[PDB]
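Chemist: Chains as they are written, first to last, in the authors' numbering: chain K, 1 to 47, 51 to 124; chain A, 1 to 29, 53 to 188, 204 to 207, 225 to 263, 276 to 292, 296 to 302, 314 to 400, 403 to 500, 505 to 593, 606 to 714.
Ideal Cβ placement from N, Cα and C applies to all residues, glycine included.
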């Protein structure tokens with residue numbers, strides 16, 4: 001029964017900077033990653052696997068957000084520079100089970116840790 | 001009975017960086056066919072005609088990784104793949120004749136020293152096509168290279184032309232000027248020079276584009292859509322039948338002199354390849370003198386030992404998902420593995436890394452499919468004086484069908500009908520054991536040899552302990568009864584001596612490595628299975644240390660050596676090759692395989708260097 005907590009969210013003006021973090025309590029594996037998905041209020045959940056062997060970013064945040072992992076650990080950070088009202092959503096960690104995919108809602112065995120955030124101008 | 005083993009040769013397997021480091025792309029403005060050509064010097068160059076037209080690759084078979092490849096593109100597509108092209112070496116230079124779709128005739132002049140030198144790009148107008156003397160209305164699909172600097176070109180509705188740039207009047228050239236053609240109906244037709252007429256044409260004789280002709284001396288072999299028609314200025318003989326279940330299509334056909342076989346006196350051998358999609362079958366016709374006394378069919382093992390070890394879970398030596408990932412990366416060439424990785428990435432299949440099973444199973448099945456697609460046959464080439472070689476579709480992929488020894492013939496043909508029966512009974516019992524029990528028994532033998540099991544223990548005590556720790560579990564007691572009753576029928580020490588003392592214990608390469616390592620691996624894996632079974636018989640019923648003392652000692656010795664070399668094959672095949680080829684070669688680079696007996700002799704020499712090493 002591994003947990004998956006996360007902090008760092010809040011309300012900031014457009015163009016500000018935030019830092020999301022997410023760690024695991026249980027052992028599980030050194031394998032499953034943590035997709036930093038997001039979901040706008042009303043919309044669907046949208047868009051660092053295997054110890055940074057490859058990384059994938061979404062089109063609305065490329066060059067603006069920076070994900071990072073600690074070596075041999077279940078920790079995922081997300082430096083969110085140049086925030087905009089389009090980034091106003093609720094973001095989620097992730098954790099797969101079996102064969103996975105970075106572009107689907109099938110990805111996780113356990114995410115949870117929902118957190119609301121907003122952005123003004 | 002299957003008498004030939006398949007040996008898959010990936011020319012880029014020992015190196016962790018495909019493709020070769022030096023590749024040359026020459027412009028002129053999956054796969055489809057592959058073959059190999061022998062030059063003036065002792066070297067075989069390979070060419071591929073993949074993806075229909077606009078593809079002409081060249082690479083040396085000997086040094087595929089360090090030697091450079093030549094990619095010759097094409098400006099206009101071709102009307103036919105592999106059949107519109109004649110490669111011939113004239114004056115230390117590869118003449119490459121192609122008819123494009125524009126009706127243009129391209130002649131490529133590739134010097135020998137270019138393909139073997141380390142030069143990147145060389146200036147010069149080697150390419151020189153010809154726009155005239157061809158028309159859009161009449162397009163020819165075939166092209167045959169006559170020996171005296173000539174090119175005959177046939178079209179659809181039974182017509183031909185001759186190239187002298204244009205002189206007019225399947226297919227092969229009998230003697231010197233005799234062009235023996237083949238039609239679609241079909242019916243053969245002879246030519247001469249006398250370039251205008253035909254000596255004889257064939258009737259339909261019903262009641263009685277590809278490679279369907281194969282000539283050797285005064286004897287021709289043709290295919291009748296199957297019926298193998300034979301014909302020895315005479316044109317007459319008797320056809321023979323085939324062996325077919327589903328629908329097969331012939332790939333290539335070569336008529337040659339006899340090879341070393343376990344048959345009576347014969348006169349000719351006939352190597353035929355068939356292909357069903359990705360799979361392929363090799364068969365050999367053995368014909369006695371004057372094409373009347375016999376017509377025997379010899380089968381072969383259409384899959385290598387590695388594919389069979391991966392399919393039927395007969396592997397025992399190989400050893403978490405990281406270790407298994409490295410095992411899969413080593414069992415296949417880096418080319419196959421990278422192709423599988425890219426195919427998985429296209430389908431967006433993110434690896435689950437540690438504690439993943441779905442991903443590893445998907446990787447295994449994708450690697451199997453990729454290797455089976457890479458090994459799709461396209462043509463046959465005769466190596467050495469009698470060595471058989473099959474060029475696969477994907478580049479750097481080939482397969483040698485090796486002559487089997489008595490041990491390998493006994494292994495592959497277990498079900499067919505004194506030592507053979509003893510080995511058959513041993514395997515009949517040993518198959519009832521799971522791989523876990525076999526691995527535990529082998530590890531107990533390793534403990535015996537190394538000293539992890541106590542040496543003060545009598546061999547009988549050692550075997551009682553091995554039974555009470557590994558075989559103490561439930562094995563079908565009726566199988567033990569059957570095994571004991573069948574073993575009571577044999578003269579055990581005589582066949583044991585026959586197995587031990589006679590049957591088992593007795606220019607860069609490169610290519611000699613890729614074949615020698617795999618053949619040695621096959622031979623020693625068979626030896627390992629047989630030794631495991633014999634020592635299992637020893638453990639099942641304790642025997643006097645006096646009777647089989649030297650027997651059991653040498654058995655444990657050879658089992659230890661076999662396990663060690665199989666584990667050394669599991670990883671770093673390149674350095675294993677380097678060591679085994681430096682120990683037994685005067686130049687530390689190997690031996691040139693010229694005949695079947697020579698190849699088997701080198702394999703047995705490696706086996707001897709293995710069995711006599713210092714423990």
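1) Starting from residue 432 (chain A), find everything on chain K with Cβ-Cβ shorter than 9 Å and list it in chain order.
2) Report yes or no: do three or more beta-carbon pairs, one from the segment 90–108 of chain K and one from the segment 558–578 of chain A, lie closer than 8 Å?
3) For residue 435 (chain A), which residues in the same chain have their Cβ closer than 8 Å to its Cβ, ignoring the five residues on either side in sequence?
4) Taking just the CA atoms, how far does residue 114 (chain K) sit from residue 22 (chain K)?
5) By the 7 Å beta-carbon criterion, what residues does the segment 441–461 of chain A contribute toward chain K?
6) What three-state label does DSSP hand residue 300 (chain A) in the structure shown?
7) Once the 5 residues before and after residue 114 (chain A) are set aside, which same chain residues still bring their CB inside 8 Å of it?
8) Return the first residue and the last residue of the alpha helix (DSSP H) that residue 584 (chain A) is part of.
9) Which of the three DSSP states is assigned to residue 432 (chain A) in this structure?
10) Name, in chain order, the residues that DSSP records as bridge partners for residue 83 (chain K).
11) Rounded to whole angstroms, how far is the Cβ of residue 180 (chain A) from the Cβ of residue 233 (chain A), which I believe are closer than 8 Å?
12) Could you tell me whether any Cβ in chain A is nearer than 8 Å to the Cβ of residue 68 (chain K)?
13) Do we get a CB-CB distance below 8 Å when we pair residue 53 (chain K) with the residues of chain A?
14) Tell me which residue opens and which closes the beta strand (DSSP E) that residue 53 (chain K) is part of.
15) Who are the near neighbours of residue 403 (chain A) in its chain, counting only those whose CB is closer than 6 Å to its CB and skipping five residues on each side?
16) Where DSSP assigns a beta bridge to residue 73 (chain A), which residues make up the other side?
17) If you compare alpha carbons, which of A:379, A:341, A:284, A:54 is closest to residue 80 (chain A)?
18) Would you identify the three-state DSSP class for residue 625 (chain A), choosing helix, strand or coil?
19) Answer yes if the segment 697–713 of chain A comes into contact with the segment 615–629 of chain A, meaning at least three C-beta pairs across the two stretches below 8 Å, and no otherwise.
20) Using a threshold of 8 Å, state whether the C-beta atoms of residue 110 (chain A) and residue 12 (chain A) are closer than that.
21) Label residue 414 (chain A) either buried or exposed according to how many other C-beta atoms from any shown protein chain fall within 10 Å of its C-beta, with 16 as the threshold for buried.
22) Beta-carbon of residue 19 (chain K) versus every beta-carbon of chain A: anything under 8 Å?
23) With a cut-off of 8 Å on the beta carbons, I'd call residue 605 (chain A) and residue 135 (chain A) a contact; round off their distance for me.
24) Give the residues of chain A in contact with residue 30 (chain K), contact being defined as C-beta atoms less than 9 Å apart.
25) Any heavy atom of the ligand HEM inside 7 Å of the beta-carbon of residue 54 (chain A)?
26) At 7 Å on the CB atoms, spell out the chain A contacts of residue 99 (chain K), in chain order.
27) Span of the alpha helix (DSSP H) holding residue 524 (chain A)?
28) With a CB to CB cut of under 8 Å and the five nearest residues on each side skipped, what residues in its chain are close to residue 63 (chain A)?
29) Just the Cα atoms here: how many angstroms apart are residue 522 (chain A) and residue 628 (chain A)?
30) In chain order, what residues of the same chain lie with their CB nearer than 6 Å to the CB of residue 244 (chain A), ignoring the 5 residues before and after it?
31) By DSSP, does residue 571 (chain A) sit in helix, in strand, or in coil?
32) By a C-beta neighbour count over all protein chains shown, 10 Å radius and 16 as the cutoff for buried, is residue 487 (chain A) buried or exposed?
33) Answer yes if the segment 110–124 of chain K comes into contact with the segment 7–23 of chain A, meaning at least three C-beta pairs across the two stretches below 8 Å, and no otherwise.
34) Quick test of your reading: residue 470 (chain A) and residue 352 (chain A), contact by CB under 8 Å. State the CB separation rounded to the nearest angstrom.
35) Leaving aside the five residues before and after residue 18 (chain A) along the sequence, list all residues of the same chain whose C-beta is less than 6 Å from its C-beta, in chain order.
36) Pick from A:86, A:57, A:301: whose alpha carbon is nearest that of residue 65 (chain A)?
Modeler: Per the coordinate set shown:
1) Taking the second chain and counting its residues from 1, the one referred to as residue 432 (chain A) is at position 349. The answer, in chain order, is 102, 103, 104.
2) no
3) Along the second chain, one-based indexing puts residue 435 (chain A) at 352. These residues qualify, in order along the chain: 441, 442.
4) Numbered from 1 along the first chain, position 22 holds the residue referred to as residue 22 (chain K). Numbered from 1 along the first chain, position 111 holds the residue referred to as residue 114 (chain K). C-alpha separation (whole angstroms): 10 Å.
5) 441, 442, 445
6) As a position in the second chain, residue 300 (chain A) is number 230, starting the count at 1. Note: residue 300 (chain A) maps to strand in three-state DSSP.
7) Taking the first residue of the second chain as position 1, residue 114 (chain A) is located at position 91. Same-chain partners within the cutoff: there are none.
8) In the second chain, counting from the first residue as 1, residue 584 (chain A) sits at position 497. Taken as a continuous stretch (DSSP letters only), the alpha helix (DSSP H) holding residue 584 (chain A) covers 579–584.
9) Sequence index remark: in the second chain, residue 432 (chain A) carries index 349 (1-based). Residue state, collapsed to three classes: coil.
10) Start at 1 with the first residue of the first chain, and residue 83 (chain K) comes out as number 80. Looking at the DSSP assignment, residue 83 (chain K) forms a beta bridge with K:18, K:68.
11) In the second chain, the residue the question calls residue 180 (chain A) occupies position 157. In the second chain, the residue the question calls residue 233 (chain A) occupies position 178. Between residue 233 (chain A) and residue 180 (chain A) the Cβ distance is about 23 Å, and since that is not below 8 Å, they are no contact.
12) On the first chain, residue 68 (chain K) is found 65 positions in, with the first residue counted as 1. For residue 68 (chain K), the answer is no, since every Cβ of chain A falls outside 8 Å of its Cβ.
13) In the first chain, counting from the first residue as 1, residue 53 (chain K) sits at position 50. Judged by the 8 Å Cβ criterion, residue 53 (chain K) is in contact with chain A.
14) Indexing the first chain from 1 puts residue 53 (chain K) at position 50. It is not in any beta strand (DSSP E) - residue 53 (chain K) carries neither H nor E in the DSSP assignment.
15) Locating residue 403 (chain A) in the second chain gives position 320, counting from the first residue. So no residue of the chain qualifies.
16) Here residue 73 (chain A) corresponds to residue number 50 of the second chain, with the count starting at 1. None; residue 73 (chain A) has no bridge partner.
17) Residue mapping note: residue 80 (chain A) aligns to position 57 of the second chain, counting from 1. Here the closest residue by C-alpha is A:54.
18) Here residue 625 (chain A) refers to the residue found at position 526 of the second chain. Of the three classes helix, strand and coil, the one that applies to residue 625 (chain A) here is helix, per DSSP.
19) yes
20) Within the second chain, numbered from 1, the residue matching residue 110 (chain A) stands at position 87. Within the second chain, numbered from 1, the residue matching residue 12 (chain A) stands at position 12. It is not a contact, given that the beta carbons lie outside the stated cut-off.
21) On the second chain, residue 414 (chain A) is found 331 positions in, with the first residue counted as 1. The residue in question, residue 414 (chain A), is buried, as its Cβ has 16 or more Cβ neighbours within 10 Å.
22) In the first chain, the residue the question calls residue 19 (chain K) occupies position 19. Residue 19 (chain K) does not count as touching chain A.
23) Position 593 is followed directly by 606 in chain A, which means residue 605 (chain A) is not present among the coordinates.
24) If you number the first chain from 1, residue 30 (chain K) lands on position 30. Near residue 30 (chain K) (Cβ distances below 9 Å), the residues of chain A are 436, 437, 438.
25) Of ligands this structure carries none, so the ligand HEM is not represented either.
26) Your numbering for residue 99 (chain K) matches position 96 in the first chain. Simply 435.
27) Reading the second chain from its first residue, position 437 is the one you call residue 524 (chain A). Here the alpha helix (DSSP H) through residue 524 (chain A) covers 522–537.
28) Reading the second chain from its first residue, position 40 is the one you call residue 63 (chain A). Result list for residue 63 (chain A): 112, 115, 135, in chain order.
29) To locate residue 522 (chain A), count along the second chain from 1; it is residue 435. To locate residue 628 (chain A), count along the second chain from 1; it is residue 529. Taking the straight line joining both Cα atoms gives about 12 Å.
30) Residue 244 (chain A) sits at position 189 when you count from the first residue of the second chain. So the list reads 236, 253, 256, once near-sequence residues are dropped.
31) For the purposes of this step, residue 571 (chain A) is taken as residue 484 along the second chain, with counting starting at 1. Of the three classes helix, strand and coil, the one that applies to residue 571 (chain A) here is helix, per DSSP.
32) On the second chain, residue 487 (chain A) is found 404 positions in, with the first residue counted as 1. Label assigned to residue 487 (chain A): buried.
33) no
34) Position 387 of the second chain, counted from the start, is the residue given in the question as residue 470 (chain A). Position 271 of the second chain, counted from the start, is the residue given in the question as residue 352 (chain A). Not confirmed; about 11 Å, so no contact.
35) The sequence position of residue 18 (chain A) within the second chain is 18, counting from 1. Excluding residues within five positions, the ones whose Cβ falls inside 6 Å are 12, 417, 418.
36) Here the question's residue 65 (chain A) lines up with position 42 in the second chain. Among A:86, A:57, A:301, the Cα nearest to that of residue 65 (chain A) belongs to A:86.
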